[PDB]
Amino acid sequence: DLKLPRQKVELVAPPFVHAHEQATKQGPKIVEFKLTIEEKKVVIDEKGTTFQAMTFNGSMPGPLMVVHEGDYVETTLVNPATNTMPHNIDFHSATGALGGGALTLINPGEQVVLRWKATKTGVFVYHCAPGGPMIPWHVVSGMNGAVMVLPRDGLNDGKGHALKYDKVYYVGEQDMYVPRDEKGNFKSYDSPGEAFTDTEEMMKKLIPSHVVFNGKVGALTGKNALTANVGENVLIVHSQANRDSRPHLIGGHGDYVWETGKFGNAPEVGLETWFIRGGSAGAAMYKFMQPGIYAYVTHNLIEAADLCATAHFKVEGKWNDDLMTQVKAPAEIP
């Protein structure tokens, strides 16, 4: 009865984002996505700690979905019979029925199809929300992601100038609550159900054991470092479904930042550190001016260095000695 063109999207695993246009001359479409729920035991640190994860599409965070204002987003959610619990999905971008949660509850072996219209621009969290105490548990187990709703004319700086990014990365931050046993070692469990009681007691004390980007300590380092070149404008979309974060690009800045993540508001300029409110996504863009390694962290440094929340960028290009120079290398005090 809704007669618009349909467009399928192939989702990609974070931190990458599926191909999309920024400004577009296409009119509204129905954009179709499929998410499949996967419950699974995963390793979250280099010491081999395990965790009962629950995920959209097998990843933490779930994939970024990108559409334009006025599109209709049609999502098929699938809960395979290999899963043990009911799940649903709530989009913060959507209007009514608890963001879709009241219409998408599915047992193992079931699927559902929800359509919502993208009336509000920005980046938005989506997450599972099955009811009661299950809501935080599914979220901190990894069932969250984000959706970016672009203006049809693309991003602007609030003073009439277009802002175009050369690439976009999605960094999903996850607070994790892994109980310890009497000796002080992290416990492992055979099922999410068995993890539940001990995990809930710890959750209610509000202190995470780990805070990670892309699901694991070191996920966005080494071979999997983010990349750019001097002169490239990079958009970083950052979500946190449950707890605040304070992103910071070490050696860089946020040239244009939407910290509340909504493109109806002009961005702030020239930030050192920005703030992502728990239950929200934000976006920052930076044009790289210098080559080398940058670290992207939450600037609670204990969380960054000791609990897992650090990514790297490797940037290629030519060093600018006007911006920064070692005048005198380390030497003995005269």
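From 1 onward, residues are counted along the sequence shown.
Enquirer: Mean C-alpha B factor from the entry: is it higher for 60-68 or for 23-31?
Expert: That would be 23-31.
Enquirer: Mean CA temperature factor from the deposited coordinates, higher in 218-226 or in 139-147?
Expert: So the stretch with the higher mean C-alpha B-factor is 218-226.
Enquirer: Which one of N185, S209, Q174, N79 shows the top CA temperature factor in the record?
Expert: Max CA B-factor in the entry, restricted to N185, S209, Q174, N79: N185.
Enquirer: Can you tell me which of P247, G254, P133, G122 has the highest Cα temperature factor in the record?
Expert: Top of the list by C-alpha B-factor: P133.
Enquirer: Is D306 in the lowest, middle or highest third of its chain when residues are ranked by C-alpha B-factor?
Expert: For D306, the deposited C-alpha B-factor lands in the highest third.
Enquirer: Against its chain's modelled residues, does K41's Cα B factor rank lowest, middle or highest third?
Expert: Highest third - that is where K41 ends up once the chain's C-alpha B-factors are sorted.
Enquirer: What third of its chain, lowest, middle or highest, does the C-alpha temperature factor of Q111 fall into?
Expert: Middle third by C-alpha B-factor.
Enquirer: Considering every modelled residue of the chain and its Cα B-factor in the PDB entry, is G264 in the lowest, middle or highest third?
Expert: Ranked within chain, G264 CA B lands in the middle tercile.
Enquirer: Grab the CA temperature factor for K47 from the record and place it in the lowest, middle or highest third of its chain.
Expert: Highest third, going by the recorded CA B-factors of the chain.
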